[PDB]
């Protein structure tokens, strides 16, 4: 649960000089009395300043090379670095008020609404909400908690990019905003609009087994009709053409699962390097490895840990653990009791997707091992 980076001489360059934004470094030693008194104050500050400041320590007895390069002749010393250059210093023991006065006087943390620098564009039912919720565990990530539907709605898109920006949450300059809008993946007119706004934007795609995703899709549409006391057909009657007895390519649930078909459209405007495909099947069984890849994709330091995720045998999925008294599980619409589909139909669907799946692996570079 520790939020303080433990530094060494060998790690100082990568963790401090090559870090983005603001880092406060405490130079300390076991023999330094005031260092010990101030140590818990830094723990409080690391929580209160999450998103604007990272806190780090270097033990100068164990790592004696770094302090002489900064002329440090007494400890505790607090050095505030920004982008590899010393920004401010404080010498000696100080109280919380002096430190907060020092930090507030030295950090340019204009809380601002910024346009997203990463967008979860799909795919619906692949775990888009879950992915967004998990990425928000990173101190530098700030989520747009509602779908805004900007690029897929001519009405909203007419209001201009500024309207979109002012629909984003407040964040600090050094924070990265992430939006989730599954419909963007399928809406045919959306890649050009996003490309125009920011051609270097990063795009996130979350997928799970094609056939499974279609059944999850069907279940939601079914629940929506049963809620309103309406009628609906069985999955089989919709996914299989009655006449030919083949897969019904006109059914949206099936078309949406042909991930490759949609990706081709997006690739006409963005290079594959700007995309990262998250394995939704692995996100359910073992999230952390998939989330750690997203961290590197976003140029974010490793900060999501195994402590943040815990298995809830009751709900049957993983839930989020932020601090010691803030837990959050996903809503009831996440984790629906799927209907049993005739094994024969499932086999036909699996074979149908197979060639599209192999193309997807080849284009994206990630083999997801789907049946």
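Residue numbers count along the first chain shown, from 1.
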Review point. What stretch has the higher average Cα B-factor here, 287-295 or 151-159?
Key: 151-159
Review point. Of 306-314 and 26-34, which one has the bigger average CA B-factor?
Key: 26-34
Exercise for review: Could you say which of 165, 262, 237, 193 has its CA atom at the highest B factor, as listed in the PDB entry?
Suggested key: 237
Check your understanding: Among 320, 55, 331, 58, where is the Cα temperature factor highest, going by the PDB entry?
Key -> 58
Exercise for review: Can you work out whether the C-alpha temperature factor of residue 225 puts it in the lowest, middle or highest third of the chain?
Suggested key: highest
Review point. Ranked by Cα temperature factor within the chain, is residue 270 in the lowest third, the middle third or the highest third?
Key: lowest
Study note, to complete from the structure: Binned into thirds over the chain's modelled residues, the C-alpha B-factor of residue 353 lands in the middle
Exercise for review: State the tercile, meaning the lowest, middle or highest third, of residue 174 with respect to the CA B-factors recorded for its chain.
Suggested key: lowest
Check your understanding: Hey, what third does residue 89 fall into on Cα B-factor, ranked over its chain?
Key -> highest
